[PDB]
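Under the authors' numbering, the very last position in the sequence shown is 49; numbers go up by exactly one each time. Quick reminder that beta carbons are idealized off the backbone N, C-alpha and C, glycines included.
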Amino acid sequence: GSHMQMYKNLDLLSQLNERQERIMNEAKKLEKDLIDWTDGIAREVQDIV
């Protein structure tokens, strides 16, 4: 009845939380790639200069 409807809706959090964890993972990835890019370019430019 009303309670099961309520529980099914509360349970949609599962999918939303999956998405939140994906986006957080992609932000961490991006941060690490930006750092590694910057460090890698600096080493290369130092090699040139």
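query	result
Kindly say whether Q20, judged by its beta-carbon, lies nearer than 7 angstroms to any beta-carbon of chain B.	You won't find chain B in this structure, because it holds only one protein chain.
Alpha carbon to alpha carbon, how far is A27 from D11?	26 angstroms
Please report the residue range of the alpha helix (DSSP H) in which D33 lies.	13-48
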